Each structure stands twice: as C-alpha cells, then as structure tokens.
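Protein chains in written order, with the deposited numbering: chain A, 108 to 160; chain B, 55 to 160; chain C, 29 to 54; chain D, 3 to 158; chain E, 3 to 158; chain F, 3 to 158; chain G, 54 to 158. This report concerns only the one structure given below.
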Amino acid sequence: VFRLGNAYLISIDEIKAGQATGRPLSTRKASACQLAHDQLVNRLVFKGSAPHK
Amino acid sequence: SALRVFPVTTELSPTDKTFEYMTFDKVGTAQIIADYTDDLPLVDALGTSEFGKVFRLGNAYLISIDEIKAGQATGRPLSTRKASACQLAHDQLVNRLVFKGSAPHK
Amino acid sequence: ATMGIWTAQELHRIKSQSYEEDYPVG
Amino acid sequence: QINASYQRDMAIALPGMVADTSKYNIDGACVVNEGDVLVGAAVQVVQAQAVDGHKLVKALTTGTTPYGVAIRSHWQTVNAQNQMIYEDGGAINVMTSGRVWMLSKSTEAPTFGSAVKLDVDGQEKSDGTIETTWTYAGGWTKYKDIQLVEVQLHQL
Amino acid sequence: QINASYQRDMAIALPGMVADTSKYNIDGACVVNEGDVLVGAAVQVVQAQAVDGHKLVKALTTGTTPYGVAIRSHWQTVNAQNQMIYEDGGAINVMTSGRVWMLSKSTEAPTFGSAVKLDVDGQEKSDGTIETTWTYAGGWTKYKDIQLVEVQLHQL
Amino acid sequence: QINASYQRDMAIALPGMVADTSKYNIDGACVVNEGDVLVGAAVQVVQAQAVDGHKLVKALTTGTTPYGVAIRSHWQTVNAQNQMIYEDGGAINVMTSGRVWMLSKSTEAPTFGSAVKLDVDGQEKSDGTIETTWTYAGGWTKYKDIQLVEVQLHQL
Amino acid sequence: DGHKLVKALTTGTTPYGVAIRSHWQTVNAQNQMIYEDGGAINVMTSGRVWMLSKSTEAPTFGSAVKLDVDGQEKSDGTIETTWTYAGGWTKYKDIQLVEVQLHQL
C-alpha cells in the first residue's frame, strides 16, 4: 500500500476578492487537487512506476 | 444559404461596438510521500478572453419624376424594382462576407 | 486631451457564458 | 461688499473639426490599413479594390501624394494616446473637399491663398517637403498648446 | 456502435509559481521602480531607504546582482501583453528563499545541483553571463509554448 | 483666538530589537561567562558542552569568530548603567539568523548587501578588523544620540 | 514526475541528507531500523541531527564535517562536506553518535 498528497496556497486578499466578485479562487484549487489525485491513481494503474516497483 | 446552415443569435444590442468572452484553465500534480514531509506540490488556475466587432452596410438609388409618372401610367413602376435590387445586394453582401471574408477589414 | 464623450466600456458587450477546459480522469 | 461678475470665451477649434458648412464631401467608404492614423492629419491611398470597392489608406510617408484628412467622429473613433485615433482594420471618415482644421508644426501665421506644404507625417509645416494643391483658408488659432490651421481642400 | 472514453493530463507548472511547501520566504515590502517586471524573472535592488524601510527594485540588467524572483498573485498583478506583470510604482511579491518555477531560454535539461546562470534580461539560460549562488532543483517541464525550470533560491 | 494642532513622530527602533518577522532563529540554551553582555552586541562561543547541551558564550574579543547577537527581552535582562544587559551566570537569548538592530560606531551610511565588519568589542564599525559573513539590510537610524544599523544574520 | 532517486553514499560523491527515524515507514532488519528498496524515505536536508560516527576524539565546535565512503562520520575522511559540528558527542551502548548541523544544498 502507498500514500499520496499535495497542497495549495491562498491569501486573505484573494479570498475577499473572490467573495466580492462572485468567483472564489479556493474552490478551483480544491478541484485541481482532487483531479490531480485521481489522475495519479489512474496513471499508477495503467502506466506503473519503476522506482517504486 | 448562410443564415440557414449556421445558427443565428440575437444577443447583441443595436448600439454595441464590440463583444468579448472568457475562458478558464488549471494546473496541478500529485506525488508519493512519506510520513514526515515538508515539500507537497501546489496547484493554480488561469484565464483568458477574446474579442469581436460589428460592421455597417449601405447603398442607395436614384429616380426622376418623369420615370415615376411613366411607371404610374404604363403599370410597371421602376422604384420597386430598385428597392428589391437594394435588398438583394445587402443579403448577398452578408452571404459573401460569411463565406469569403474580407482581408482589409480583418 | 481631446477625447470623445463616450468611453469604450459604455459601447461594449460582455457575453454571459464562460468556457472551461476538459480534463477527463480516466 | 461689492459683487464681482466675470466673463470667459470658448475656444473656436479642435483638431480634425470641419471649419464651416460650405461645400464639402466626405469619402467614407475607405478602410484603415497598416497601422493607425491621427485625427487632423493627412492620409494617402495605397490601392483601390477593383470589384469590392474599398480604398486602402494609411498615414502619409515620404514621397507620397496626400488624398484627404481624417475628421472627428464621436462614434467611429477610439480613444488612445489622450486623443482621437482611427485603429487598423476599420472604416474611416476621410474628407476630400471643404474647409477643415489641421494640426500644424509652423510658428508664424500663414498667408491667405498660399499653397499648403506638409511634413513627412502629414502635418502642416511652413517649410515642409511634400507639396500639395491645397490653400490656406485664413484661420490660425491655438487650443491649449495645440496649434491649428484652417485648410481648404479640393478634389484630386 | 461501441462507446468510447478518453484521458487527458494537466500541465505541471506556470511561470513564477511556487514549486512546493518547503521553507520559503517572501518579501512584500518592495516597490517596482522605473519599469515593469515579468512574473517569473529575476529582480535587482537599486536603493534601500534608510528610515522608510521600503526597497526599490527593477528588472535585471547587465553587470548586476540578482536578489529574487517575482511570483504569481491573482490580486496584486495586472494582465498586460497577454501575460501577468507587476507595473510601475506598486507593491511586488519577491521570493528570496525556496523553490520556484521560472522562465528559461535553454534547450537541454540541466544537471541537478549545479549553479544557475542567468541572462541579461533576467531569465535563466545555459552558458549565460550573470552568475548566481542558486542551484537547480531538478525540474524541466513546458507549458503550451513556454519553457520553465525549477530553481532553489538561497537568501543573500 | 486661533486654535492650534501639533504633531510628533515616534522613534523607529531600539538597540537589540528584532527588525522584521522574516525567518529568524533564536538559541535560548546559552549561558554567559566572564562578565556582562550588552543588548545589541555580538557574542562568541567558548565551549560547547558535549552531554549537558549548553553553550558557553561571552562578549566578542580580538581574533575570534562571532556567533550571534543578543536580543531585547523585558524578562530575562537587568537594568544597569540605565540600559538593558544580560548579567553573568544567566540564560541569554542569541539570534543566529534573521534581521536585527545592532549598535554601530561608524558615521557613514552603509551599502546594501555588503559585508559587515565588527570592532574588538562587538559593535559594528565601518573600518573594523573582524570579518563576518553577515550583510547590511539597509536600515540606518538613530535613537537619541545612539546610532543603530540593521544587520542580516545567517546561520553558522 | 518529481521524485528523487537516493541510495547509500559511495566514493567520489556529494552527500544530500541523512535518513531520520520513523516508527511507520521503516522496517526492522539486522537488529537495526532501516529503509528498504522501492519505498519512500524520510531525508533531512537542514537542521540538527544525531549521526553514526567512526571517530574516537571529540570534535571542535564549528569545524567542517568529513564523511567516509560508507556514509558515516570520520575525523579523517576522503569526502568533503559543507556541514558543521553542533557540539554534541555521546554514546549509546557501544554505538558512537555525533551531532551534525545540516545546511541546504
């Protein structure tokens, strides 16, 4: 079994601007993180990793 | 046949000069980590936009009083034929713009 | 400064429809 | 305790403004090609389409015959460089005959009826290189550090 | 007919993007001086105010010492020439320590841990003239048409 | 009668004060021997205990290598000669990396990014005899005839 | 992909970090705690760490660290390093340890 992880950054000004304009920036970053996790799982299943055997 | 094979929309206002639309994107990645880790990778997002313009078309025609009287008397007016020709010219110009473009006007 | 009385934003249209990229998972 | 009343006069001209309502003719079936032109400056004709019917114009350069002067319009023009310009790939309002206000680079008032000489960028100059068949219409004024001269235009 | 499903992969990085969450440091009390800075390029310090505390930075030129790299910010930047830049007379986020993705002009992948050579315009390039104390962090990707490289920044 | 309003500006810094909250490191497991240490002067290490884990520090002398700068705290210091100091045989706070306000003996403003040279008593001097790997950060001020300079400290 | 391939240090090579303890990622072998092939490893790049030693005399504070071909500290080693000693010098049941200050590459 294995483990995967990543992260993202944001600032207070960006949060306030996203709330005011109507297009938040944190939701897109969360979606990108989840998509990256899913795509890495797919790659491991179909392409494999040599260093990790 | 250019208004019958391509969709026609009626969103633009009669007093506009330019329209614009947006597009969005994103990036990111993931990795295999250990229990004590301090270098998790990050993600981001993008955006972009495009533009479009509007143009005006026109022509005209002439007619004299003698021709008007001759049309009224002989039963075949000459003004309605010219009006039909003007309308046909406008429609054909629109079709030609759609199917051939115009290099100077981009 | 010899501009006109109308600015660009007053004669400009913003289409109310956005396009997104597609990334299928697998 | 005495009241004071004051009085102020308006300016009389702007660049590219039609001087008066005498006999004039506007050639509005042209399109700007290869760059942008200034309102109040001369332009030249590159080529005329045989079938489509649109002329191609741009800013005047060395050794080229002028054709007309761009005129003001609150709808057809775009605002750039703190002034009115005509952008590339768009219809332009060119004046071929009549009295117009033109940008000047000279320093002394001209003589009524004398021939107009332009600079290499399509602006009037007392000792310019490009010679035209146009004549001065008599006006000579200034709008807030911008020199303006009145020019009479006749058809080519 | 038989159904089909497809697969696509996102891009890895962007110019001027923080590579990971390692020990970094951001200097946000700086102001752009006499010009604009491209996100993802190196900067230099021209003057540090003795008492006010701000630092004046500008785009890197010949015969100077780099200080940091501008980073992406959705709020504190302006979209100009289809890129994202920091304009004149405004606050700038300058990264002085950590891993960052920045623009490159090289054609072959670099060696991990070797010294970084920058071009006169502030973008990384092999066999360049300007020498720094930064090392390559082992990253060689590319956006649609932009080359990128991962660099490790040590504080001066 | 005409009313009046007045204005006064605060001072900027005090000796030994931490300049910025930008990636500092403090070693609190240090003890003082052989005299006193002025808050705002360099210190040296004379012995590192192998098993207990404490480091023995004292004021900088000739022909030595500085290790850090004593910082200012309202609890661990004592008030002597009308100023804050660390007495012999007590725990001390030593900054090993960061930005600090340090006592100076020079008269000319320093150059940003250049090396720092110390005196034989632990105070910064433009023309000193002890070389360090520290650099100037651009701060240069004075609190009531006490000159202060801003120093960037890197971990040894 | 982003991953880095590490192994035990050998002759004529520059060190990168030191493996650190973990009760979950490691395995028990040879009456020691080790990291096995084909698995994630915790590598410390900067800080203070206790390290195995093959020397017999206490080091000088602030001096440069010299390693061996095997990857263990040695007073007279053929591998040059930019690390420095941190002062600690202890022993755990006939196993000699030393404190090392790691600076980022």
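Every residue, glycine too, gets a C-beta built ideally from N, C-alpha and C.
Residues of its chain near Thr109 (chain E), where Cβ-Cβ distance is below 6 Å and the 5 sequence neighbours each way are ignored: none
Unbroken beta strand (DSSP E) run spanning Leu151 (chain A), endpoints: Note, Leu151 (chain A): premise wrong, no beta strand (DSSP E); alpha helix (DSSP H) at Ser133 to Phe153.
Given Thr77 (chain B) as reference, the closest of C:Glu48, C:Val53 and C:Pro52 once Cα atoms are compared: C:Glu48
Where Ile4 (chain D) sits in the DSSP three-state scheme: coil
DSSP-derived helix/strand/coil call for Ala15 (chain E): coil
According to DSSP, residues forming a beta bridge with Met86 (chain E): E:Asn81
Partners in chain G for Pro131 (chain A), counting only beta-carbon separations shorter than 7 Å: Simply none; closest approach about 28 Å.
Beta-carbon proximity check, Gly124 (chain E) vs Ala44 (chain E), cutoff 8 Å: yes
Proximal residues to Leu158 (chain F) (C-beta, below 7 Å), its chain only, five neighbours per side dropped: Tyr69 and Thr98
C-beta neighbour in chain G for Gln51 (chain F), strict 8 Å: yes
Helix, strand or coil at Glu38 (chain C) [DSSP, three-state]: helix
Per-residue burial, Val59 (chain B) [other beta carbons within 10 Å of its own, 16 or more giving buried]: exposed
Proximity test, Cβ basis, 8 Å: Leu116 (chain A) and chain E: yes
Bridge partner(s) assigned by DSSP for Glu36 (chain F): None, per the DSSP bridge assignment.
Same chain only: Cβ atoms within 6 Å of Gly100 (chain F), ignoring 5 sequence neighbours per side: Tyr26 and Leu155
Backbone secondary structure at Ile33 (chain C) - three-state DSSP: coil
For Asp29 (chain D), three-class secondary structure by DSSP: strand
Amino acids of chain H, ordered along the chain, whose beta-carbon sits closer than 8 Å to that of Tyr51 (chain C): Judged by its chain identifiers, the structure shown contains no chain H, and its protein chains are A, B, C, D, E, F and G.
Bridge-paired residues (DSSP) for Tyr138 (chain D): D:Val153
Within-8 Å CB hit, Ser108 (chain E) to chain C: no
Assigned secondary structure, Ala127 (chain A) (DSSP; H/G/I helix, E/B strand, else coil): helix
Cβ shell of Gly30 (chain D) (< 6 Å), same chain only, five flanking positions each side left out: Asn95
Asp129 (chain D) to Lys127 (chain E) span [Cα, whole Å]: 52 Å
Any C-beta of chain B under 8 Å from that of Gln37 (chain C): no
Within-8 Å CB hit, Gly115 (chain G) to chain F: yes
Residues that DSSP places opposite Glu74 (chain B) in a beta bridge: B:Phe105 and C:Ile42
First through last residue of the beta strand (DSSP E) which encompasses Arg10 (chain F): Segment: none, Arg10 (chain F) is in no beta strand (DSSP E) and carries neither H nor E.
Nearest-angstrom Cα separation, counted from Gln141 (chain A) out to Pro112 (chain E): 31 Å
Anticipated Cβ contact below 8 Å, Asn149 (chain A) with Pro95 (chain B), distance rounded: About 17 Å separates the two Cβ atoms, so there is no contact after all.
Where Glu152 (chain G) falls, given that 16 or more other Cβ within 10 Å makes a residue buried: buried
Beta-carbon contacts of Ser116 (chain D) that lie in its chain and below 7 Å, excluding the five residues immediately before and after: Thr137 and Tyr138
For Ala72 (chain D): DSSP bridge partner residues: D:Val96
Assumed close pair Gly37 (chain D), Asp121 (chain D) - CB separation to whole angstroms, cut-off 8 Å: At roughly 17 Å, the Cβ-Cβ gap does not stay under 8 Å, so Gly37 (chain D) and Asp121 (chain D) are not in contact.
Given 8 Å, three or more beta-carbon pairs between the stretch 48-55 of chain F and the stretch 139-146 of chain G: yes
Whole-Å CB distance - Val59 (chain F) paired with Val41 (chain F), under 8 Å assumed: Contact doesn't hold; Cβ gap of about 14 Å is too wide.
Exposure of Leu62 (chain E), with buried meaning 16 or more beta-carbon neighbours within 10 Å: buried
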